[PDB]
Structures are given as structure tokens and as C-alpha cells.
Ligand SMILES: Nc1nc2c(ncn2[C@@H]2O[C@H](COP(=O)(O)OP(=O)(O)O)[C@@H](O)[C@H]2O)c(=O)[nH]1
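Only one chain is included here, represented as C-alpha cells and corresponding to the form solved without the named molecule.
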């Protein structure tokens, strides 16, 4: 069957830490007072929660309230334990309180408020320097959570809040996050389609922190090439075909052969034979201001089929792409 895999970094973090650190099912939730929070407006509804702008009337400060839907309400201890474990970490959203919503009868997580800059303005106007700056801030959050034995598993632009006036970034929505335990087989039905790593698309369950690095590469490629999303699959199968049209089929077969993975036979009629493309094929006069040899080299080291061959977050921080960033 499949060849086992383990991360090349941070394998032992959940062994070295006490059981109370990762055994989220044993965690006893300390409930706060729902009456301290006044809901102001609904910001959005996803498939697992409804999010609101609210005011903490005990200190008059703005907060964000995430009310979990009953479907996500089962694995709430996992999200709470992860958020408490990571609290105070660089660029990690701060969990301020946990209350019982009187209407839904479900847990409601209260977060610090971020004065978000409009998402379309950021995509359309961040400069080459700003993209490097914010990519470095995301790496700080990813290396921190990985070093803490946690994989986010849903890295995408919707889950990164930026307050551009204060050069402030937060990695949010830890609802799909999981503790990394070497040898554990995880659910491949994680991350949004355009950010899913090849390991998820070929149904390889023994993945690790490196899944986050593929997702980060998809964000970078979209941003620098002005191509939203970069890998535009119609469904999860066409998603791998879109990746293979760029990275090539030969390296895909080398990857599946290394791990003794067998592709779903439905790929026989859709995958084809594709050469690896040079990253310069995606450069044009409308994105040249965002591209550099360093950007392409960095992207090349994230977007690799072999999850064990991608840059780790800490190695990525010393890449030449970030030399221009004020540290």
C-alpha cells in the first residue's frame, strides 16, 4: 500500500509537550458571559459559522464574534485548544473569549477586531515590496503554528486579515486546523479547491505542515501573476490536471511512484502528458512590476508535488525574495 511519510521538521513537538497540550477532547472550556457582547452587524456566513462585528460593552472595544453552526459545534474543543495554544504567537488571531450564544445554543468565539483594508484594494494595489512584506508576516504565523505542532489546513486569502494602514496581518479561522502526529492519516477533504495540495488531490492521507506551504505558493502565484486563482480547477479532479499543465506530468508520476500512490483511474482519460513549464511563461506587461527572479525561484520551491521537497516556513524566511523587506 502507500509508503508512510513524516514531516522533516517539528515531528516531535506533540511528543515533547504534555498530553493536555494536544488532547483537545480532555480540555474543559471556561465559559464567559454572552451579555458582555453586543452584536452590531453580520459580516458573513460560511458553511461552518456566522461571523459578526460586535462591541465588548465591558471595555467599549470592537470585537468579532463567530457563532458556530451545529455541524461545526462538535469539533469546537479542537479549534478552542488550538487558539489557546497559539494565543500571543506572531500574527495569530487572538481568541478573547468563548460564550454560549443564547439563540443558536452553540459556542460563540470572540476575537480581537482587525480594521481590515478592503480585499479588492489590497489585491489591486499592494506593491512588489508590500507583497514580500506580507508574505514574510504570513511565514511568521506559519512557522509559529508548525513549531507548535499545528497545521492550519485552510491557508487562503479569505483567512488572512490585513490592516494595511497599521501594516498588521492576522491568520484567522483555525476551524480546520489539526495537531500534527507522525504517522497519523488525516482527512483529505480540507482546504478550498484552488489551494488544495497535490497530496489531497491524489488522496494521500499521511500529510503534514507542508500542505500549508503549497497553499501559500498558490496565493503568491495568484498575486504576482495577476491570475485569480492560479490553478483554476472546475472540480477536484480537474484541479490536479490544472496543476499538471504547469508542473508537468512526469514529476507527478515521480511523486505518486515515490509514495506508491495509485491515481484514481478516472485520471487516465483527463491527465494527458504535459511538460513542466518555465515560470517566465506567466510573465506579461501587466504583472512584470510584481515579478523578479527571486519571486520565481521562491515560488518554484513552494509549488512542488513532493510535500517532503517544499521549503519549510523557517527556510522560506531566509530566501532572497525577502532580503528587501525591512526587518
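Numbering follows the first chain given and starts at 1. Only residues modelled in both forms are compared. Note that the rigid core is defined as the largest set of C-alphas that superpose within 1.5 Å between two forms.
Peer 1: As stated in the PDB record, which stretch has the larger average Cα B-factor, 308 to 316 or 11 to 19?
Peer 2: If you average the C-alpha B-factors of 308 to 316 and of 11 to 19, the larger mean comes out for 11 to 19.
Peer 1: With respect to the recorded C-alpha B factors, which stretch has the higher mean value, 79 to 87 or 111 to 119?
Peer 2: Mean B over CA atoms: larger for 111 to 119.
Peer 1: Quick one: which of 210, 127, 106, 239 has the biggest Cα B-factor according to the entry?
Peer 2: The C-alpha B-factor peaks, among 210, 127, 106, 239, at 106.
Peer 1: Going by the CA temperature factor in the PDB record, which third of the chain does residue 283 belong to: lowest, middle or highest?
Peer 2: It falls in the middle third of the chain.
Peer 1: When the deposited Cα B-factors of this chain's modelled residues are ordered and cut into thirds, is residue 250 in the lowest, the middle or the highest one?
Peer 2: Answer is middle: the recorded C-alpha B-factor places it there.
Peer 1: Relative to the other modelled residues in the chain, which third contains the C-alpha temperature factor of residue 151: lowest, middle or highest?
Peer 2: Tercile = lowest for this residue's CA B-factor.
Peer 1: Can you tell me whether residue 263 has a C-alpha B-factor in the lowest, middle or highest third compared with the other modelled residues of the same chain?
Peer 2: Top third by C-alpha B-factor.
Peer 1: Could you look up the Cα B-factor of residue 66 in the entry and say which third of the chain it sits in: lowest, middle or highest?
Peer 2: Middle third of the chain for residue 66's C-alpha B-factor.
What comes next is about the form deposited with the named molecule bound, which does not appear here.
Peer 1: Go ahead and superimpose the pocket C-alphas, place the named molecule as found in the entry with it bound, and count ligand atoms within 2.4 angstroms of backbone or C-beta atoms: 3 or more is blocked, zero is open.
Peer 2: Judged by the transferred pose of the named molecule in the entry with it bound, this form is open (no ligand atom within 2.4 Å of backbone or C-beta).
Peer 1: Answer for residue 140 alone: is it within 4.5 Å of the named molecule in the entry with it bound, judged on heavy atom distances?
Peer 2: Answer no; every heavy atom of residue 140 is more than 4.5 Å from the named molecule in the entry with it bound.
Peer 1: Residue-level contact is defined here as any heavy atom of the residue lying within 4.5 Å of the named molecule in the entry with it bound; does residue 176 satisfy this criterion?
Peer 2: Yes, residue 176 is a contact residue.
Peer 1: Can you tell me whether residue 146 touches the named molecule? I mean in the entry with it bound, with a 4.5 angstroms heavy atom cut-off.
Peer 2: No, residue 146 is distant from the partner.
Peer 1: Would you check, heavy atoms only and a 4.5 Å threshold, whether residue 68 touches the named molecule in the entry with it bound?
Peer 2: Output for residue 68 is yes: heavy atoms within 4.5 Å of the named molecule.
Peer 1: Work out which of 96, 72, 243, 86 lies within 4.5 Å of the named molecule in the entry with it bound, going by heavy atoms.
Peer 2: Contact residue from the list: 72.
Peer 1: Scan 76 to 109 and write down, in order along the chain, each residue with a heavy atom lying within 4.5 Å of the named molecule in the entry with it bound.
Peer 2: In sequence order, 76, 78, 79 come within 4.5 Å of the partner.
Peer 1: Which is the one residue in 185, 118, 257, 228 whose C-alpha moves 2 Å or more between this form and the one not shown, relative to the superposed rigid core?
Peer 2: Spelled out, the residue whose C-alpha shifts by 2 Å or more is 118.
Peer 1: Can you confirm the direction of the Cα distance change for residue 40 and residue 116 in the entry with it bound, closer or farther than in this form, given it is 3 Å or more?
Peer 2: Compared with this form, residue 40 and residue 116 lie closer in the entry with it bound.
Peer 1: Residue 231 and residue 118: their C-alpha distance differs by 3 angstroms or more in the entry with it bound. Do they come closer or move farther apart compared with the shown form?
Peer 2: Closer together, which means the C-alphas of residue 231 and residue 118 are at least 3 Å nearer in the entry with it bound.
Peer 1: Are there runs of at least three residues between this form and the one not shown whose C-alphas all move 2 Å or more relative to the rigid core, and where are they?
Peer 2: After superposition, residues 115 to 121, 123 to 125 shift as runs.
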